[PDB]
Amino acid sequence: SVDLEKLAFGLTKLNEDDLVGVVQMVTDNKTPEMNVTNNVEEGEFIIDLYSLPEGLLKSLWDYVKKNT
Amino acid sequence: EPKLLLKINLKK
């Protein structure tokens with residue numbers, strides 16, 4: 001089970017391209033219930049890891065480990 | 001109860 005606070009911290013350790021890749025993976029897998037905010041006008045995303053399913057969280061964690 | 005929200009601002 002992914003530690004969500006370590007995930008959130010580790011996500012900020014990615015470079016710009018890899019963090020965009022996180023945004024890509026999340027928007028491609030998102031449903032309304034995962035409470036992802038995407039202000040399309042402002043080009044900003046707000047990810048609530050606590051609303052993501054465990055498989056996506058695991059994919060994000062492995063992605064962080066692979067790219068740091 | 002603490003929650004870390006991750007805000008990501010993209011290039012426009």
Side-chain angles (χ1 to χ4, degrees):
Chain A
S1 177
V2 187
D3 173 309
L4 301 205
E5 289 77 26
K6 296 213 202 345
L7 181 38
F9 177 82
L11 280 170
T12 71
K13 288 341 191 163
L14 299 172
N15 67 20
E16 214 155 50
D17 288 350
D18 292 345
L19 184 58
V20 171
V22 170
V23 171
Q24 186 64 244
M25 167 189 318
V26 173
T27 197
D28 288 342
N29 286 285
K30 94 176 189 86
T31 67
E33 291 71 35
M34 326 174 168
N35 297 310
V36 175
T37 295
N38 182 17
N39 300 323
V40 156
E41 177 65 27
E42 295 176 351
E44 79 187 33
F45 272 83
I46 305 183
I47 300 161
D48 169 23
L49 293 174
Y50 311 84
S51 290
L52 301 188
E54 184 59 59
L56 181 60
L57 291 166
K58 169 110 163 103
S59 289
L60 288 173
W61 180 237
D62 298 340
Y63 182 93
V64 166
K65 294 198 296 198
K66 190 70 181 203
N67 291 290
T68 58
Chain B
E1 181 227 338
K3 293 184 147 179
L4 281 177
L5 301 183
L6 174 65
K7 176 182 208 213
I8 304 159
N9 278 275
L10 306 168
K11 275 311 163 253
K12 254 202 274 210

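Proteins get letters first, then strands, A, B, ... in listed order; numbering begins at 1 in each.
Of all the heavy atoms in A/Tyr50 and B/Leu4, the pair that sits closest is OH-N, 2.8 Å. The shortest non-hydrogen separation linking A/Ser51 to A/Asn35 is OG-ND2, 2.9 Å. Smallest separation of non-hydrogen atoms from A/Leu19 and A/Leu11: CD1-O, 3.8 Å.
Checked against B/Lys7 for a side-chain contact (heavy atoms from CB on, under 4.5 Å), the options A/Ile46, A/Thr37, A/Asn39 give a single hit: A/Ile46. The residue from A/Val23, A/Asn29, A/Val22, A/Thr27 that alone fulfils the side-chain contact (heavy atoms from CB on, under 4.5 Å) condition with A/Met25 is A/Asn29.
Between B/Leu10 atom CG and A/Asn38 atom CG the span is 7.5 Å, to the nearest 0.5 Å. Taking CG from A/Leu49 and CD from A/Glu5, the interatomic distance works out to 8.5 Å, rounded to the nearest 0.5 Å. The line from NZ of B/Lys12 to CD of A/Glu41 is 7.0 Å long, rounded to the nearest 0.5 Å.
No path of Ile, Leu, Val, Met, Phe, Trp and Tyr side chains, each step under 4.5 Å between heavy atoms, connects A/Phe9 with B/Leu5, placing them in separate hydrophobic clusters.
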Stepwise, does the side-chain contact (heavy atoms from CB on, under 4.5 Å) test hold for A/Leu52 with A/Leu4?
-> CA-CA 10 Å; A/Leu52 301 188; A/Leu4 301 205; over 6 Å; no
Working for side-chain contact (heavy atoms from CB on, under 4.5 Å), residues A/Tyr63 and A/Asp18 | CA-CA 9 Å; A/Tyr63 182 93; A/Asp18 292 345; 3.7 Å; yes
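Looking at heavy atoms from C-beta onward, A/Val2 lies out of side-chain contact with A/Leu60 at the 4.5 angstrom threshold.
Around NZ of B/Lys3, the count of heavy atoms belonging to other residues, nucleotides or ligands within 6.0 Å exceeds 12. The number of heavy atoms from other shown groups lying within 6.0 Å of CD (A/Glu54) is above 12.
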